[PDB]
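Structure file coords-v8.pdb with PDB, C-alpha atoms:
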ATOM      1  CA  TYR W 101     -11.388  12.212   5.444  1.00  0.00           C
ATOM      2  CA  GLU W 102      -8.805  13.551   2.967  1.00  0.00           C
ATOM      3  CA  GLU W 103      -9.574  14.964  -0.501  1.00  0.00           C
ATOM      4  CA  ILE W 104      -7.347  14.097  -3.484  1.00  0.00           C
ATOM      5  CA  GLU W 105      -5.764  17.509  -4.162  1.00  0.00           C
TER       6      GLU W 105
ATOM      7  CA  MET X 140     -11.735 -19.165  -5.564  1.00  0.00           C
ATOM      8  CA  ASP X 141     -11.458 -15.676  -4.029  1.00  0.00           C
ATOM      9  CA  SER X 142     -13.905 -12.833  -4.758  1.00  0.00           C
ATOM     10  CA  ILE X 143     -14.441  -9.087  -4.220  1.00  0.00           C
ATOM     11  CA  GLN X 144     -15.996 -10.052  -0.864  1.00  0.00           C
ATOM     12  CA  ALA X 145     -12.682 -11.553   0.307  1.00  0.00           C
ATOM     13  CA  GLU X 146      -9.734  -9.801  -1.379  1.00  0.00           C
ATOM     14  CA  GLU X 147      -6.339  -9.294   0.302  1.00  0.00           C
ATOM     15  CA  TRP X 148      -7.720  -5.862   1.273  1.00  0.00           C
ATOM     16  CA  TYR X 149     -11.292  -6.849   2.208  1.00  0.00           C
ATOM     17  CA  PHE X 150     -12.298  -7.162   5.881  1.00  0.00           C
ATOM     18  CA  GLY X 151     -16.008  -6.242   5.842  1.00  0.00           C
ATOM     19  CA  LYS X 152     -17.851  -3.865   8.197  1.00  0.00           C
ATOM     20  CA  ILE X 153     -15.480  -2.981  11.059  1.00  0.00           C
ATOM     21  CA  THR X 154     -15.846  -0.415  13.867  1.00  0.00           C
ATOM     22  CA  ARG X 155     -14.145   3.008  13.901  1.00  0.00           C
ATOM     23  CA  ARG X 156     -11.942   2.355  16.955  1.00  0.00           C
ATOM     24  CA  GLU X 157     -10.690  -0.874  15.338  1.00  0.00           C
ATOM     25  CA  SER X 158     -10.091   1.083  12.109  1.00  0.00           C
ATOM     26  CA  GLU X 159      -7.502   3.502  13.538  1.00  0.00           C
ATOM     27  CA  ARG X 160      -6.347   0.579  15.715  1.00  0.00           C
ATOM     28  CA  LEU X 161      -5.554  -1.565  12.654  1.00  0.00           C
ATOM     29  CA  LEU X 162      -3.615   1.136  10.777  1.00  0.00           C
ATOM     30  CA  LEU X 163      -2.033   2.760  13.858  1.00  0.00           C
ATOM     31  CA  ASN X 164      -0.673  -0.700  14.762  1.00  0.00           C
ATOM     32  CA  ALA X 165       2.906   0.222  15.726  1.00  0.00           C
ATOM     33  CA  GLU X 166       3.768  -3.059  13.963  1.00  0.00           C
ATOM     34  CA  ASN X 167       2.649  -1.622  10.597  1.00  0.00           C
ATOM     35  CA  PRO X 168       4.844  -0.190   7.817  1.00  0.00           C
ATOM     36  CA  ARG X 169       4.228   3.270   6.308  1.00  0.00           C
ATOM     37  CA  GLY X 170       1.986   2.735   3.259  1.00  0.00           C
ATOM     38  CA  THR X 171      -0.351  -0.029   4.500  1.00  0.00           C
ATOM     39  CA  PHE X 172      -4.030   0.440   3.575  1.00  0.00           C
ATOM     40  CA  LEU X 173      -7.347  -1.449   3.722  1.00  0.00           C
ATOM     41  CA  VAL X 174     -10.753  -1.364   1.989  1.00  0.00           C
ATOM     42  CA  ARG X 175     -13.534  -1.582   4.602  1.00  0.00           C
ATOM     43  CA  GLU X 176     -17.282  -1.244   3.936  1.00  0.00           C
ATOM     44  CA  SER X 177     -18.996   2.157   4.246  1.00  0.00           C
ATOM     45  CA  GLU X 178     -19.543   2.854   7.963  1.00  0.00           C
ATOM     46  CA  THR X 179     -20.413   6.553   8.353  1.00  0.00           C
ATOM     47  CA  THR X 180     -21.512   7.106   4.733  1.00  0.00           C
ATOM     48  CA  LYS X 181     -23.845   5.611   2.107  1.00  0.00           C
ATOM     49  CA  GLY X 182     -23.382   1.957   1.140  1.00  0.00           C
ATOM     50  CA  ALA X 183     -20.081   2.894  -0.562  1.00  0.00           C
ATOM     51  CA  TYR X 184     -16.574   1.839   0.535  1.00  0.00           C
ATOM     52  CA  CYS X 185     -13.674   3.423   2.457  1.00  0.00           C
ATOM     53  CA  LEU X 186      -9.983   3.090   1.522  1.00  0.00           C
ATOM     54  CA  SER X 187      -7.832   4.023   4.541  1.00  0.00           C
ATOM     55  CA  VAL X 188      -4.014   4.189   4.496  1.00  0.00           C
ATOM     56  CA  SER X 189      -1.154   4.600   6.995  1.00  0.00           C
ATOM     57  CA  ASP X 190       1.555   7.292   7.117  1.00  0.00           C
ATOM     58  CA  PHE X 191       4.585   8.118   9.294  1.00  0.00           C
ATOM     59  CA  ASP X 192       6.457  11.326  10.196  1.00  0.00           C
ATOM     60  CA  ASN X 193       9.144  12.677  12.551  1.00  0.00           C
ATOM     61  CA  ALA X 194       6.546  14.903  14.256  1.00  0.00           C
ATOM     62  CA  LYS X 195       5.073  12.393  16.732  1.00  0.00           C
ATOM     63  CA  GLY X 196       4.803   8.941  15.114  1.00  0.00           C
ATOM     64  CA  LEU X 197       2.436   7.447  12.518  1.00  0.00           C
ATOM     65  CA  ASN X 198      -1.138   8.598  11.809  1.00  0.00           C
ATOM     66  CA  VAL X 199      -3.898   7.301   9.505  1.00  0.00           C
ATOM     67  CA  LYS X 200      -5.418   9.041   6.464  1.00  0.00           C
ATOM     68  CA  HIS X 201      -8.985   7.910   5.694  1.00  0.00           C
ATOM     69  CA  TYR X 202      -9.845   8.218   1.985  1.00  0.00           C
ATOM     70  CA  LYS X 203     -13.598   7.635   1.590  1.00  0.00           C
ATOM     71  CA  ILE X 204     -14.134   5.807  -1.721  1.00  0.00           C
ATOM     72  CA  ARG X 205     -16.774   7.591  -3.826  1.00  0.00           C
ATOM     73  CA  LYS X 206     -19.392   5.633  -5.789  1.00  0.00           C
ATOM     74  CA  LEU X 207     -20.703   6.627  -9.239  1.00  0.00           C
ATOM     75  CA  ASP X 208     -24.517   6.394  -9.339  1.00  0.00           C
ATOM     76  CA  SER X 209     -23.940   4.556 -12.633  1.00  0.00           C
ATOM     77  CA  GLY X 210     -22.030   1.674 -10.999  1.00  0.00           C
ATOM     78  CA  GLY X 211     -18.397   2.388 -10.057  1.00  0.00           C
ATOM     79  CA  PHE X 212     -16.222   4.346  -7.601  1.00  0.00           C
ATOM     80  CA  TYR X 213     -13.776   7.274  -7.561  1.00  0.00           C
ATOM     81  CA  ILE X 214     -12.169   8.671  -4.391  1.00  0.00           C
ATOM     82  CA  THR X 215     -11.608  11.713  -6.637  1.00  0.00           C
ATOM     83  CA  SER X 216     -13.446  13.111  -9.683  1.00  0.00           C
ATOM     84  CA  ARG X 217     -10.195  12.500 -11.607  1.00  0.00           C
ATOM     85  CA  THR X 218     -10.075   8.757 -10.827  1.00  0.00           C
ATOM     86  CA  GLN X 219     -13.055   6.532 -11.706  1.00  0.00           C
ATOM     87  CA  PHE X 220     -12.936   2.719 -11.914  1.00  0.00           C
ATOM     88  CA  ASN X 221     -15.392  -0.171 -12.331  1.00  0.00           C
ATOM     89  CA  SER X 222     -13.798  -2.436  -9.696  1.00  0.00           C
ATOM     90  CA  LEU X 223     -12.656  -1.692  -6.126  1.00  0.00           C
ATOM     91  CA  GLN X 224      -9.508  -3.625  -7.104  1.00  0.00           C
ATOM     92  CA  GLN X 225      -8.786  -1.339 -10.080  1.00  0.00           C
ATOM     93  CA  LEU X 226      -8.892   1.737  -7.811  1.00  0.00           C
ATOM     94  CA  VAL X 227      -6.623  -0.106  -5.345  1.00  0.00           C
ATOM     95  CA  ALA X 228      -4.137  -0.713  -8.186  1.00  0.00           C
ATOM     96  CA  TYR X 229      -3.907   2.887  -9.443  1.00  0.00           C
ATOM     97  CA  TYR X 230      -3.261   4.188  -5.910  1.00  0.00           C
ATOM     98  CA  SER X 231      -0.849   1.246  -5.520  1.00  0.00           C
ATOM     99  CA  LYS X 232       1.331   2.602  -8.354  1.00  0.00           C
ATOM    100  CA  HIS X 233       1.192   6.418  -8.466  1.00  0.00           C
ATOM    101  CA  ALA X 234       0.153   8.539  -5.463  1.00  0.00           C
ATOM    102  CA  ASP X 235      -1.255  10.874  -8.142  1.00  0.00           C
ATOM    103  CA  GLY X 236      -0.972  13.656  -5.537  1.00  0.00           C
ATOM    104  CA  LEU X 237      -1.913  11.372  -2.621  1.00  0.00           C
ATOM    105  CA  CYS X 238      -0.131  11.033   0.740  1.00  0.00           C
ATOM    106  CA  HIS X 239       1.675   7.813  -0.261  1.00  0.00           C
ATOM    107  CA  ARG X 240       1.643   5.011  -2.862  1.00  0.00           C
ATOM    108  CA  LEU X 241      -0.453   2.092  -1.570  1.00  0.00           C
ATOM    109  CA  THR X 242       2.059  -0.739  -1.007  1.00  0.00           C
ATOM    110  CA  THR X 243       0.835  -2.945   1.870  1.00  0.00           C
ATOM    111  CA  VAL X 244      -2.578  -3.946   3.267  1.00  0.00           C
ATOM    112  CA  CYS X 245      -4.113  -4.391   6.740  1.00  0.00           C
ATOM    113  CA  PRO X 246      -2.921  -7.586   8.473  1.00  0.00           C
TER     114      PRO X 246
END

As C-alpha coordinates - that is how I would like this structure written.
Amino acid sequence: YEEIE
Amino acid sequence: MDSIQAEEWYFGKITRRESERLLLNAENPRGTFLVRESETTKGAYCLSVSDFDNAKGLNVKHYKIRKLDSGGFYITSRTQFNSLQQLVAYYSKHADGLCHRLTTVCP
(Lines of atoms letter the chains of each structure in order from A and count residues from 1; the text may use other names and numbers.)
(Lines give C-alpha, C1' and ligand atoms only; values in the text may rest on other atoms or scores of the structure.)
Protein backbone atom coordinates (compact mmCIF):
# COMPACT_ATOMS: atom_id res chain seq x y z
CA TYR A 1 0.00 0.00 0.00
CA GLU A 2 1.09 3.66 0.20
CA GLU A 3 1.65 5.64 3.42
CA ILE A 4 0.45 9.26 3.69
CA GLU A 5 3.80 11.08 3.84
CA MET B 1 -32.80 5.47 0.47
CA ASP B 2 -29.06 4.81 0.04
CA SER B 3 -26.74 3.77 2.90
CA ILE B 4 -23.05 3.25 3.77
CA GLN B 5 -23.48 -0.27 2.35
CA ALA B 6 -24.30 1.16 -1.10
CA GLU B 7 -22.60 4.55 -1.60
CA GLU B 8 -21.35 5.80 -4.99
CA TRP B 9 -17.98 4.36 -3.90
CA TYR B 10 -19.17 1.11 -2.27
CA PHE B 11 -18.82 -2.20 -4.14
CA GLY B 12 -18.38 -4.74 -1.32
CA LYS B 13 -15.80 -7.55 -1.09
CA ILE B 14 -14.06 -7.83 -4.48
CA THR B 15 -11.03 -9.89 -5.54
CA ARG B 16 -7.50 -8.49 -5.96
CA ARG B 17 -7.23 -9.12 -9.72
CA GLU B 18 -10.56 -7.31 -10.24
CA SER B 19 -9.26 -4.49 -8.01
CA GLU B 20 -6.31 -3.50 -10.22
CA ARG B 21 -8.55 -4.40 -13.18
CA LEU B 22 -11.18 -1.83 -12.15
CA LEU B 23 -8.72 1.04 -11.60
CA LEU B 24 -6.31 0.10 -14.42
CA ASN B 25 -9.32 0.20 -16.78
CA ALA B 26 -7.80 2.12 -19.71
CA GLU B 27 -11.25 3.76 -19.87
CA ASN B 28 -10.69 5.43 -16.47
CA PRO B 29 -9.62 9.03 -15.78
CA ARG B 30 -6.65 9.87 -13.52
CA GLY B 31 -8.07 10.40 -10.01
CA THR B 32 -10.77 7.69 -9.87
CA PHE B 33 -10.95 5.77 -6.57
CA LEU B 34 -13.14 3.19 -4.80
CA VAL B 35 -13.83 2.00 -1.23
CA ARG B 36 -13.82 -1.82 -1.12
CA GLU B 37 -14.08 -3.98 2.02
CA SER B 38 -10.91 -5.20 3.78
CA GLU B 39 -9.53 -8.15 1.80
CA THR B 40 -5.96 -8.80 2.99
CA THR B 41 -6.31 -7.00 6.35
CA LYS B 42 -8.58 -6.90 9.41
CA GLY B 43 -12.28 -6.13 8.90
CA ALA B 44 -11.33 -2.54 7.98
CA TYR B 45 -11.71 -0.89 4.55
CA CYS B 46 -9.43 -0.09 1.59
CA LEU B 47 -9.51 3.16 -0.42
CA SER B 48 -7.72 2.62 -3.75
CA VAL B 49 -7.11 5.37 -6.34
CA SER B 50 -5.85 5.67 -9.94
CA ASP B 51 -2.89 7.67 -11.28
CA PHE B 52 -1.28 8.34 -14.68
CA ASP B 53 2.25 9.24 -15.85
CA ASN B 54 4.37 9.58 -19.01
CA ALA B 55 6.58 6.68 -17.85
CA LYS B 56 4.48 3.74 -19.09
CA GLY B 57 0.76 4.46 -18.60
CA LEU B 58 -1.51 4.51 -15.53
CA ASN B 59 -0.96 2.55 -12.30
CA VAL B 60 -3.03 2.13 -9.11
CA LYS B 61 -2.16 3.31 -5.58
CA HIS B 62 -3.84 1.25 -2.84
CA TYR B 63 -4.42 3.27 0.35
CA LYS B 64 -5.51 0.85 3.10
CA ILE B 65 -8.04 2.68 5.30
CA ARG B 66 -7.06 2.40 8.98
CA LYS B 67 -9.68 1.80 11.69
CA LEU B 68 -9.59 3.36 15.17
CA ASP B 69 -10.29 0.72 17.84
CA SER B 70 -12.69 3.32 19.25
CA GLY B 71 -14.92 3.34 16.15
CA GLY B 72 -13.60 5.30 13.15
CA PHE B 73 -10.93 5.24 10.42
CA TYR B 74 -7.79 7.13 9.36
CA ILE B 75 -5.58 6.13 6.41
CA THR B 76 -3.03 8.30 8.25
CA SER B 77 -2.53 9.23 11.92
CA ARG B 78 -3.14 12.85 10.83
CA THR B 79 -6.59 12.15 9.35
CA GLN B 80 -9.29 10.51 11.51
CA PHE B 81 -13.02 10.49 10.68
CA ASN B 82 -16.20 8.86 12.01
CA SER B 83 -17.66 7.99 8.58
CA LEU B 84 -16.06 6.34 5.53
CA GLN B 85 -17.77 9.13 3.56
CA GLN B 86 -16.09 11.88 5.61
CA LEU B 87 -12.64 10.41 4.85
CA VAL B 88 -13.64 10.16 1.17
CA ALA B 89 -14.53 13.88 1.23
CA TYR B 90 -11.27 15.16 2.76
CA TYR B 91 -9.20 13.22 0.21
CA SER B 92 -11.68 14.46 -2.41
CA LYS B 93 -10.70 18.09 -1.69
CA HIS B 94 -7.04 18.31 -0.64
CA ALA B 95 -4.47 15.60 -1.47
CA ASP B 96 -2.93 16.64 1.88
CA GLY B 97 0.35 15.19 0.55
CA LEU B 98 -1.37 12.33 -1.30
CA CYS B 99 -0.79 11.20 -4.91
CA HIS B 100 -3.91 12.98 -6.23
CA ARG B 101 -7.18 14.60 -5.09
CA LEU B 102 -9.99 12.02 -5.18
CA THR B 103 -12.32 13.22 -7.97
CA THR B 104 -14.01 10.19 -9.58
CA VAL B 105 -15.10 6.73 -8.39
CA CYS B 106 -14.98 3.17 -9.78
CA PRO B 107 -17.58 2.59 -12.53

Set the distance at 7 Å and use all atoms listed in the file: which residues neighbour residue 204 (chain X) once local chain neighbours fewer than 6 positions away are removed? I'd like the list as an mmCIF file with C-alpha atoms, keeping the file's coordinate frame.
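Written out: result08.cif:
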data_model
loop_
_atom_site.group_PDB
_atom_site.id
_atom_site.type_symbol
_atom_site.label_atom_id
_atom_site.label_comp_id
_atom_site.auth_asym_id
_atom_site.auth_seq_id
_atom_site.Cartn_x
_atom_site.Cartn_y
_atom_site.Cartn_z
ATOM 1 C CA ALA X 183 -20.081 2.894 -0.562
ATOM 2 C CA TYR X 184 -16.574 1.839 0.535
ATOM 3 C CA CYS X 185 -13.674 3.423 2.457
ATOM 4 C CA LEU X 186 -9.983 3.090 1.522
ATOM 5 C CA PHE X 212 -16.222 4.346 -7.601
ATOM 6 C CA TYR X 213 -13.776 7.274 -7.561
ATOM 7 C CA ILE X 214 -12.169 8.671 -4.391
#

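Coordinates place CA of residue 194 (chain X) at a distance of 23.9 Å from CA of residue 155 (chain X).
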
Inset, instruction - Please write as number ranges by chain the full residue list that the PyMOL selection byres ((chain X) within 6 of (chain W)) yields on this file. - result: X: 201-202, 215

Inset, instruction - Excluding region 140-145 of chain X and any residue of its chain fewer than 5 positions from it, enumerate the residues within 8 Å of it, using only C-alpha atoms, and give them as a ChimeraX atom specification. - result: /X:150-151,223-224

Take the residues from that selection and put them in a file with C-alpha atoms, as a short mmCIF file (atom, residue, chain, number, x, y, z; two decimals), in the coordinates of the input.
data_model
loop_
_atom_site.label_atom_id
_atom_site.label_comp_id
_atom_site.auth_asym_id
_atom_site.auth_seq_id
_atom_site.Cartn_x
_atom_site.Cartn_y
_atom_site.Cartn_z
CA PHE X 150 -12.30 -7.16 5.88
CA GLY X 151 -16.01 -6.24 5.84
CA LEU X 223 -12.66 -1.69 -6.13
CA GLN X 224 -9.51 -3.62 -7.10
#

Legend entry - Selection result for the PyMOL selection byres ((chain X and resi 237) around 12) on this file, as a list in words: residues 102, 103, 104 and 105 of chain W; 170, 187, 188, 189, 190, 200, 201, 202, 214, 215, 218, 229, 230, 231, 232, 233, 234, 235, 236, 238, 239, 240 and 241 of chain X

Inset, instruction - For CA of residue 206 (chain X) and CA of residue 179 (chain X), quote the distance in Å rounded to one decimal. - result: 14.2 Å

Inset, instruction - Go through X:197, X:228, X:207, X:244 and flag the residue nearest residue 164 (chain X), using all atoms listed in the file for the distances. - result: X:197

Would you please take region 150-173 of chain X of the structure in the block above and write N, CA, C and O atoms to a file as a PDB file, in the first residue's frame?
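The resulting part-v2.pdb:
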ATOM      1  N   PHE X 150     -18.589  -1.029  -3.257  1.00  0.00           N
ATOM      2  CA  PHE X 150     -18.824  -2.204  -4.142  1.00  0.00           C
ATOM      3  C   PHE X 150     -18.983  -3.463  -3.288  1.00  0.00           C
ATOM      4  O   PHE X 150     -19.743  -4.353  -3.611  1.00  0.00           O
ATOM      5  N   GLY X 151     -18.270  -3.544  -2.197  1.00  0.00           N
ATOM      6  CA  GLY X 151     -18.380  -4.745  -1.322  1.00  0.00           C
ATOM      7  C   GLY X 151     -17.040  -5.482  -1.295  1.00  0.00           C
ATOM      8  O   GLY X 151     -15.989  -4.887  -1.429  1.00  0.00           O
ATOM      9  N   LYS X 152     -17.070  -6.774  -1.125  1.00  0.00           N
ATOM     10  CA  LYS X 152     -15.799  -7.552  -1.091  1.00  0.00           C
ATOM     11  C   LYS X 152     -15.447  -8.016  -2.505  1.00  0.00           C
ATOM     12  O   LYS X 152     -16.067  -8.909  -3.049  1.00  0.00           O
ATOM     13  N   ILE X 153     -14.455  -7.419  -3.105  1.00  0.00           N
ATOM     14  CA  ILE X 153     -14.062  -7.827  -4.483  1.00  0.00           C
ATOM     15  C   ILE X 153     -12.734  -8.584  -4.432  1.00  0.00           C
ATOM     16  O   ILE X 153     -12.092  -8.660  -3.403  1.00  0.00           O
ATOM     17  N   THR X 154     -12.315  -9.144  -5.533  1.00  0.00           N
ATOM     18  CA  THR X 154     -11.028  -9.894  -5.544  1.00  0.00           C
ATOM     19  C   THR X 154      -9.876  -8.923  -5.809  1.00  0.00           C
ATOM     20  O   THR X 154     -10.084  -7.762  -6.098  1.00  0.00           O
ATOM     21  N   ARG X 155      -8.661  -9.389  -5.714  1.00  0.00           N
ATOM     22  CA  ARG X 155      -7.497  -8.492  -5.960  1.00  0.00           C
ATOM     23  C   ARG X 155      -7.347  -8.250  -7.463  1.00  0.00           C
ATOM     24  O   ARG X 155      -7.210  -7.128  -7.910  1.00  0.00           O
ATOM     25  N   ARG X 156      -7.374  -9.293  -8.247  1.00  0.00           N
ATOM     26  CA  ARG X 156      -7.232  -9.121  -9.720  1.00  0.00           C
ATOM     27  C   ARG X 156      -8.273  -8.117 -10.220  1.00  0.00           C
ATOM     28  O   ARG X 156      -7.972  -7.227 -10.989  1.00  0.00           O
ATOM     29  N   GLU X 157      -9.497  -8.254  -9.788  1.00  0.00           N
ATOM     30  CA  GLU X 157     -10.556  -7.307 -10.238  1.00  0.00           C
ATOM     31  C   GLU X 157     -10.251  -5.908  -9.700  1.00  0.00           C
ATOM     32  O   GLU X 157     -10.614  -4.912 -10.294  1.00  0.00           O
ATOM     33  N   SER X 158      -9.586  -5.823  -8.581  1.00  0.00           N
ATOM     34  CA  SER X 158      -9.259  -4.486  -8.007  1.00  0.00           C
ATOM     35  C   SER X 158      -8.381  -3.711  -8.992  1.00  0.00           C
ATOM     36  O   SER X 158      -8.763  -2.674  -9.496  1.00  0.00           O
ATOM     37  N   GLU X 159      -7.206  -4.206  -9.270  1.00  0.00           N
ATOM     38  CA  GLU X 159      -6.306  -3.500 -10.221  1.00  0.00           C
ATOM     39  C   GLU X 159      -6.935  -3.503 -11.616  1.00  0.00           C
ATOM     40  O   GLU X 159      -6.550  -2.743 -12.481  1.00  0.00           O
ATOM     41  N   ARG X 160      -7.899  -4.351 -11.842  1.00  0.00           N
ATOM     42  CA  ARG X 160      -8.552  -4.402 -13.180  1.00  0.00           C
ATOM     43  C   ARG X 160      -9.635  -3.324 -13.261  1.00  0.00           C
ATOM     44  O   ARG X 160     -10.032  -2.908 -14.331  1.00  0.00           O
ATOM     45  N   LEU X 161     -10.117  -2.873 -12.137  1.00  0.00           N
ATOM     46  CA  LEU X 161     -11.178  -1.827 -12.147  1.00  0.00           C
ATOM     47  C   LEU X 161     -10.532  -0.442 -12.200  1.00  0.00           C
ATOM     48  O   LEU X 161     -11.062   0.479 -12.786  1.00  0.00           O
ATOM     49  N   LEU X 162      -9.392  -0.287 -11.585  1.00  0.00           N
ATOM     50  CA  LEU X 162      -8.717   1.041 -11.596  1.00  0.00           C
ATOM     51  C   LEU X 162      -7.801   1.144 -12.818  1.00  0.00           C
ATOM     52  O   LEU X 162      -7.634   2.203 -13.391  1.00  0.00           O
ATOM     53  N   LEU X 163      -7.208   0.054 -13.228  1.00  0.00           N
ATOM     54  CA  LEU X 163      -6.310   0.100 -14.417  1.00  0.00           C
ATOM     55  C   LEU X 163      -7.151   0.192 -15.692  1.00  0.00           C
ATOM     56  O   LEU X 163      -6.628   0.325 -16.781  1.00  0.00           O
ATOM     57  N   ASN X 164      -8.451   0.121 -15.570  1.00  0.00           N
ATOM     58  CA  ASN X 164      -9.319   0.205 -16.777  1.00  0.00           C
ATOM     59  C   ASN X 164      -8.844   1.356 -17.664  1.00  0.00           C
ATOM     60  O   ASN X 164      -8.984   2.514 -17.325  1.00  0.00           O
ATOM     61  N   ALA X 165      -8.283   1.046 -18.800  1.00  0.00           N
ATOM     62  CA  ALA X 165      -7.799   2.121 -19.710  1.00  0.00           C
ATOM     63  C   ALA X 165      -8.900   3.165 -19.905  1.00  0.00           C
ATOM     64  O   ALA X 165      -8.638   4.302 -20.244  1.00  0.00           O
ATOM     65  N   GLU X 166     -10.134   2.789 -19.695  1.00  0.00           N
ATOM     66  CA  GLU X 166     -11.250   3.759 -19.870  1.00  0.00           C
ATOM     67  C   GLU X 166     -11.514   4.490 -18.548  1.00  0.00           C
ATOM     68  O   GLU X 166     -12.634   4.846 -18.241  1.00  0.00           O
ATOM     69  N   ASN X 167     -10.494   4.717 -17.767  1.00  0.00           N
ATOM     70  CA  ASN X 167     -10.689   5.425 -16.470  1.00  0.00           C
ATOM     71  C   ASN X 167      -9.815   6.687 -16.444  1.00  0.00           C
ATOM     72  O   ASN X 167      -8.701   6.668 -16.927  1.00  0.00           O
ATOM     73  N   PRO X 168     -10.342   7.748 -15.878  1.00  0.00           N
ATOM     74  CA  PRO X 168      -9.619   9.027 -15.776  1.00  0.00           C
ATOM     75  C   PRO X 168      -8.609   8.978 -14.626  1.00  0.00           C
ATOM     76  O   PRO X 168      -8.692   8.139 -13.751  1.00  0.00           O
ATOM     77  N   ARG X 169      -7.658   9.871 -14.618  1.00  0.00           N
ATOM     78  CA  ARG X 169      -6.649   9.875 -13.522  1.00  0.00           C
ATOM     79  C   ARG X 169      -7.245  10.549 -12.285  1.00  0.00           C
ATOM     80  O   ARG X 169      -7.485  11.739 -12.271  1.00  0.00           O
ATOM     81  N   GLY X 170      -7.487   9.797 -11.246  1.00  0.00           N
ATOM     82  CA  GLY X 170      -8.069  10.397 -10.012  1.00  0.00           C
ATOM     83  C   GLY X 170      -9.269   9.565  -9.548  1.00  0.00           C
ATOM     84  O   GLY X 170      -9.880   9.852  -8.538  1.00  0.00           O
ATOM     85  N   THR X 171      -9.612   8.535 -10.275  1.00  0.00           N
ATOM     86  CA  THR X 171     -10.771   7.690  -9.869  1.00  0.00           C
ATOM     87  C   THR X 171     -10.373   6.823  -8.673  1.00  0.00           C
ATOM     88  O   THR X 171      -9.255   6.357  -8.577  1.00  0.00           O
ATOM     89  N   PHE X 172     -11.277   6.603  -7.758  1.00  0.00           N
ATOM     90  CA  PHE X 172     -10.946   5.765  -6.571  1.00  0.00           C
ATOM     91  C   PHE X 172     -12.148   4.892  -6.207  1.00  0.00           C
ATOM     92  O   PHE X 172     -13.191   4.964  -6.826  1.00  0.00           O
ATOM     93  N   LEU X 173     -12.008   4.068  -5.206  1.00  0.00           N
ATOM     94  CA  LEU X 173     -13.141   3.189  -4.800  1.00  0.00           C
ATOM     95  C   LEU X 173     -12.919   2.705  -3.365  1.00  0.00           C
ATOM     96  O   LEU X 173     -11.800   2.542  -2.921  1.00  0.00           O
TER      97      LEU X 173
END
